[PDB]
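This chain uses plain numbering: 1 for the first residue, then up along the sequence. Below, each value reflects all heavy atoms present in this structure, side chains not excepted, and no hydrogens, waters or symmetry copies.
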Amino acid sequence: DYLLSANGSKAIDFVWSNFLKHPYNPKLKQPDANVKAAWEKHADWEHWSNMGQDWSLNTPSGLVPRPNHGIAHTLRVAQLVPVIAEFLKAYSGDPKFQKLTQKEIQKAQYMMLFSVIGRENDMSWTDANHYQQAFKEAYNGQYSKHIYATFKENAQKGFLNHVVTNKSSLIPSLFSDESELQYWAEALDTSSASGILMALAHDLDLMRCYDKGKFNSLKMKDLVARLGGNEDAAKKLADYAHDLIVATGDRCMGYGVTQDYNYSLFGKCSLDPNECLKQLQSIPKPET
Ligand SMILES: Nc1ncnc2c1ncn2[C@@H]1O[C@H](COP(=O)(O)OP(=O)(O)O)[C@@H](O)[C@H]1O
Ligand SMILES: Nc1ncnc2c1ncn2[C@@H]1O[C@H](COP(=O)(O)OP(=O)(O)O)[C@@H](O)[C@H]1O
C-alpha cells in the first residue's frame, strides 16, 4: 500500500533506475590467481565461482541483471514487511511488536527498497569473509576492504543521494525529522522491532535461492521462534512469500511447490517495476 504512495513510487523509481536495472561489476566476478590459489586450500570453503553466480538471466523480454537481487526481490521483501508486522503483533507474545505503528512499518518498508542496491555481485557474506581471509592468506596478511562494507557504503550513498532532494516529501510524513532520517541512513552501514521486521523479510525471501533443508533450518526456525513457537502461523507467512515469488515468475527452491524460473513472467516483472507491483498486488494477504 505504501509502495503506491508518492514517496514509495519515487523511491522505487530511484532504486530501479540508479541501481537495480544495472549489471553487476565485472571487477567483482572473480578473484585474481593469487587469491584463487589461497581460496582452494580450504575444501570446506564454498568455491570462488560463487563470486560469478546468478550474474544475469536470459529471458524472452531481455537479459535480466542481478536476477537474484533485482527489482522482483526488492519489491517482494518490501511487500512482506507489513504482513510480517501483522503476524508479529498477533502471535509473537512480545510487547515490542505491539509497539509497531504503521509509520514504523512504512519506514521499514521504504528502507527495504534500499536493502540490496549496493551489491556489485551475488556473493554471500560468507564468500566475502573468505575473499578477505584469502586476500590475506595470499599476500602475507595484507588488508583489503570487506566487500560487504563496500556494498553497505554504496547502499548508504544511494539513500543519502535520494533523501537530499526529497526531505520536504519525506519529513514529517514518513520520517518525523532529520535525526530520525539520520538513524536510518546510519543503520544502512552499521536488534529493534524495525530491524527484526526487516530481517524477517530478507529471511522469508531466501526461499528463492536456498534449498528446502537449508531454508527450513537456517531461516524458518528463526521465524517460528519470532512468532512464539507458532509453526502454523509461520507456515502461512511462508505461503504468502511463496505466492509472491510465484507471482513474479521467480524460482523458489526452499519452500512449498518449488519451481524454476518462469522466464516469460520473470522477464516481465524484473524489467518493469510496474508489472512487478501489479502481480504482487494480485496475491491476497493472509489474515491474522
Ligand atoms: N549473511 C547472508 N546470508 C544470506 N544472504 C545474505 C547475507 N547477507 C546479505 N544477503 C543477501 O544480500 C542482500 C543485501 O545485500 P547487501 O550486501 O546488503 O547489499 P546493499 O549493501 O546494497 O544493501 C539481501 O537481500 C540478502 O538477500
Ligand atoms: N526490539 C525492539 N522493538 C521495538 N523497538 C525497539 C526494540 N529495541 C529497541 N527499540 C527502540 O526502537 C527505536 C528504533 O530507532 P528509531 O525508529 O530511529 O527511533 P526514533 O523513531 O525515536 O527515531 C530505538 O529508539 C529503540 O529504543
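- Side-chain atoms of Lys10 and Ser169, non-hydrogen and from C-beta on, do get closer than 4.5 Å to each other.
- Both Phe14 and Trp184 belong to a common hydrophobic cluster when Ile, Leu, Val, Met, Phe, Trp and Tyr are linked at side-chain heavy-atom distances under 4.5 angstrom.
- A salt bridge links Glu275 to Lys278: at least one charged side-chain nitrogen sits closer than 4.0 Å to a carboxylate oxygen.
- Annotation: side chain of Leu113 is in contact with side chain of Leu75 (closest heavy-atom distance under 4.5 Å).
- A distance-only check finds a donor-acceptor pair linking the side chain of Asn121 to the backbone of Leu28 [under 3.5 Å].
- In the hydrophobic cluster analysis, where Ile, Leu, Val, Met, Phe, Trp and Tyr join through side-chain heavy atoms closer than 4.5 angstrom, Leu206 is grouped together with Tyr261.
- There is a side-chain donor-acceptor pair under 3.5 Å between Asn7 and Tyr2.
- No donor-acceptor pair closer than 3.5 Å links the side chain of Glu153 to the backbone N or O of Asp189.
- A salt bridge links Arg208 to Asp205: at least one charged side-chain nitrogen sits closer than 4.0 Å to a carboxylate oxygen.
- Comment: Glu180 engages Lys107 in a salt bridge, judged by a side-chain N to carboxylate O separation of less than 4.0 angstrom.
- At least one side-chain heavy atom of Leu188 sits under 4.5 Å from a side-chain heavy atom of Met111.
- Using modelled atom types and a 3.5 Å distance limit, the side chains of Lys103 and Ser176 yield a donor-acceptor pair.
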Take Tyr255 and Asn216 through the side chain to side chain donor-acceptor pair (under 3.5 Å) test and state the conclusion after the steps. CA-CA 8 Å; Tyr255 187 83; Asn216 289 288; over 6 Å; no

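- With hydrogens and angles left out, the side-chain atoms of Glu40 and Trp48 include a donor and acceptor closer than 3.5 Å.
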